[PDB]
There are 2 protein chains.
Amino acid sequence: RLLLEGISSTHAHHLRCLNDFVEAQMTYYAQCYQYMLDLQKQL
Amino acid sequence: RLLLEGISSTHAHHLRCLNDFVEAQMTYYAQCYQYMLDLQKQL
């Protein structure tokens, strides 16, 4: 019973990690977008 | 020789096509960026 009780904290921990993954994708797309904009200007 | 002369026009046509591929990629990254932004706000 004691160990099974610890699972509750596991869920909240995983939630924080999910937020991190979302932020990473946002940064990736933002950087790529700016790079593409520059190429358009140069071409 | 006549067919070889045609390659000159091919390069100019190909250049316009390259510009189209660049435009397509820019749209993809732009749309994806907005989608990620919205998810961040909701969460």
# chains A, B, ... in the order shown; residues from 1 in each chain; ligands from 1
$ closest_atom_pairs --of "chain B" --to "chain A" --cutoff "10 Å" --atoms "only C-alpha atoms" --output "tab-separated table"
residue	atom	partner	partner_atom	distance
B:19	CA	A:43	CA	8.3
B:22	CA	A:40	CA	7.5
B:23	CA	A:40	CA	7.9
B:25	CA	A:36	CA	7.6
B:26	CA	A:36	CA	5.7
B:27	CA	A:33	CA	8.7
B:28	CA	A:33	CA	8.9
B:29	CA	A:33	CA	5.5
B:30	CA	A:33	CA	6.1
B:31	CA	A:29	CA	9.4
B:32	CA	A:29	CA	6.9
B:33	CA	A:29	CA	5.4
B:34	CA	A:26	CA	8.9
B:35	CA	A:26	CA	9.0
B:36	CA	A:26	CA	5.7
B:37	CA	A:26	CA	7.0
B:39	CA	A:22	CA	8.2
B:40	CA	A:22	CA	7.3
B:43	CA	A:19	CA	8.3
$ atom_distance --atom1 "atom CA of residue 13 of chain A" --atom2 "atom CA of residue 42 of chain B"
19.4 Å
$ atom_distance --atom1 "atom CA of residue 4 of chain B" --atom2 "atom CA of residue 20 of chain B"
25.6 Å
$ atom_distance --atom1 "atom CA of residue 38 of chain A" --atom2 "atom CA of residue 38 of chain B"
24.7 Å
$ decode --residues "segment 2-34 of chain A" --atoms "N, CA, C and O atoms" --output "CSV table (one decimal), in the first residue's frame"
chain,number,residue,atom,x,y,z
A,2,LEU,N,1.9,1.3,0.8
A,2,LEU,CA,2.8,2.5,1.0
A,2,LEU,C,3.4,2.8,-0.4
A,2,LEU,O,3.3,4.0,-0.8
A,3,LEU,N,4.0,1.8,-1.1
A,3,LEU,CA,4.7,2.1,-2.4
A,3,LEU,C,3.6,2.6,-3.4
A,3,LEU,O,3.9,3.6,-4.1
A,4,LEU,N,2.5,2.0,-3.4
A,4,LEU,CA,1.4,2.3,-4.4
A,4,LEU,C,1.0,3.8,-4.2
A,4,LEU,O,0.6,4.5,-5.1
A,5,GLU,N,1.1,4.3,-2.9
A,5,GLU,CA,0.7,5.6,-2.6
A,5,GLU,C,1.6,6.6,-3.3
A,5,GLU,O,1.2,7.7,-3.6
A,6,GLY,N,2.9,6.3,-3.5
A,6,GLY,CA,3.9,7.1,-4.1
A,6,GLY,C,3.5,7.5,-5.5
A,6,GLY,O,4.0,8.5,-6.0
A,7,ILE,N,2.7,6.7,-6.2
A,7,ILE,CA,2.4,6.9,-7.6
A,7,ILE,C,1.8,8.3,-7.8
A,7,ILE,O,2.1,8.9,-8.9
A,8,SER,N,1.1,8.8,-6.8
A,8,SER,CA,0.4,10.1,-7.0
A,8,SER,C,1.4,11.2,-7.4
A,8,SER,O,1.2,11.9,-8.4
A,9,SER,N,2.6,11.2,-6.6
A,9,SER,CA,3.6,12.2,-6.9
A,9,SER,C,4.2,12.0,-8.3
A,9,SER,O,4.4,13.0,-9.0
A,10,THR,N,4.3,10.7,-8.8
A,10,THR,CA,4.8,10.4,-10.1
A,10,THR,C,4.0,11.2,-11.2
A,10,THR,O,4.7,11.8,-12.0
A,11,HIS,N,2.7,11.2,-11.1
A,11,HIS,CA,1.9,11.9,-12.1
A,11,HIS,C,2.3,13.4,-12.2
A,11,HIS,O,2.5,13.9,-13.3
A,12,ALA,N,2.3,14.1,-11.0
A,12,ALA,CA,2.6,15.5,-11.0
A,12,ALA,C,4.0,15.7,-11.6
A,12,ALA,O,4.2,16.7,-12.4
A,13,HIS,N,5.0,14.9,-11.2
A,13,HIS,CA,6.4,15.0,-11.8
A,13,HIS,C,6.3,14.9,-13.3
A,13,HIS,O,6.9,15.8,-14.0
A,14,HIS,N,5.6,13.9,-13.8
A,14,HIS,CA,5.6,13.7,-15.3
A,14,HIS,C,4.9,15.0,-15.9
A,14,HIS,O,5.4,15.4,-17.0
A,15,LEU,N,4.0,15.6,-15.3
A,15,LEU,CA,3.3,16.8,-15.8
A,15,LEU,C,4.3,17.9,-16.1
A,15,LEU,O,4.3,18.5,-17.2
A,16,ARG,N,5.2,18.1,-15.1
A,16,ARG,CA,6.3,19.2,-15.3
A,16,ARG,C,7.1,18.8,-16.5
A,16,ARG,O,7.4,19.8,-17.3
A,17,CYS,N,7.5,17.6,-16.7
A,17,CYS,CA,8.4,17.2,-17.8
A,17,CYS,C,7.6,17.4,-19.1
A,17,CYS,O,8.3,17.9,-20.1
A,18,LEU,N,6.3,17.2,-19.2
A,18,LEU,CA,5.6,17.4,-20.4
A,18,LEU,C,5.7,18.9,-20.8
A,18,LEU,O,6.0,19.2,-22.0
A,19,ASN,N,5.6,19.8,-19.8
A,19,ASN,CA,5.7,21.3,-20.1
A,19,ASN,C,7.0,21.5,-20.8
A,19,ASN,O,7.1,22.3,-21.8
A,20,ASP,N,8.1,20.9,-20.3
A,20,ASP,CA,9.5,21.1,-20.9
A,20,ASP,C,9.5,20.7,-22.4
A,20,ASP,O,10.0,21.5,-23.2
A,21,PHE,N,8.9,19.5,-22.7
A,21,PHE,CA,8.9,19.1,-24.1
A,21,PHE,C,8.2,20.1,-25.0
A,21,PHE,O,8.7,20.4,-26.1
A,22,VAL,N,7.0,20.6,-24.6
A,22,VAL,CA,6.3,21.6,-25.4
A,22,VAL,C,7.2,22.8,-25.6
A,22,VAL,O,7.3,23.2,-26.8
A,23,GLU,N,7.9,23.3,-24.6
A,23,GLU,CA,8.7,24.5,-24.8
A,23,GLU,C,9.8,24.2,-25.8
A,23,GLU,O,10.1,25.1,-26.7
A,24,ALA,N,10.4,23.0,-25.7
A,24,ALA,CA,11.5,22.7,-26.7
A,24,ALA,C,11.0,22.8,-28.1
A,24,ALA,O,11.7,23.5,-28.9
A,25,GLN,N,9.9,22.2,-28.4
A,25,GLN,CA,9.4,22.3,-29.8
A,25,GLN,C,9.2,23.7,-30.2
A,25,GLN,O,9.5,24.1,-31.4
A,26,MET,N,8.6,24.5,-29.3
A,26,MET,CA,8.3,26.0,-29.7
A,26,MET,C,9.6,26.6,-30.1
A,26,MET,O,9.7,27.3,-31.2
A,27,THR,N,10.7,26.5,-29.3
A,27,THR,CA,12.0,27.1,-29.6
A,27,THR,C,12.5,26.6,-31.0
A,27,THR,O,12.9,27.4,-31.8
A,28,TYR,N,12.4,25.3,-31.2
A,28,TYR,CA,12.9,24.7,-32.5
A,28,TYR,C,12.2,25.4,-33.7
A,28,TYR,O,12.9,25.9,-34.6
A,29,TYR,N,10.8,25.5,-33.6
A,29,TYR,CA,10.1,26.1,-34.8
A,29,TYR,C,10.4,27.5,-34.9
A,29,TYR,O,10.6,28.0,-36.1
A,30,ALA,N,10.5,28.2,-33.8
A,30,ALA,CA,10.9,29.7,-33.8
A,30,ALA,C,12.2,29.9,-34.6
A,30,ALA,O,12.2,30.7,-35.5
A,31,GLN,N,13.2,29.2,-34.2
A,31,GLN,CA,14.6,29.3,-34.8
A,31,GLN,C,14.5,29.1,-36.3
A,31,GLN,O,14.9,29.9,-37.1
A,32,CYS,N,13.9,27.9,-36.6
A,32,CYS,CA,13.8,27.6,-38.1
A,32,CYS,C,13.0,28.6,-38.9
A,32,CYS,O,13.5,29.0,-40.0
A,33,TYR,N,12.0,29.2,-38.3
A,33,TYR,CA,11.2,30.2,-39.0
A,33,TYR,C,12.1,31.4,-39.4
A,33,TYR,O,12.1,31.8,-40.5
A,34,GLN,N,12.8,31.9,-38.4
A,34,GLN,CA,13.7,33.1,-38.6
A,34,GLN,C,14.7,32.7,-39.7
A,34,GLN,O,14.9,33.6,-40.6
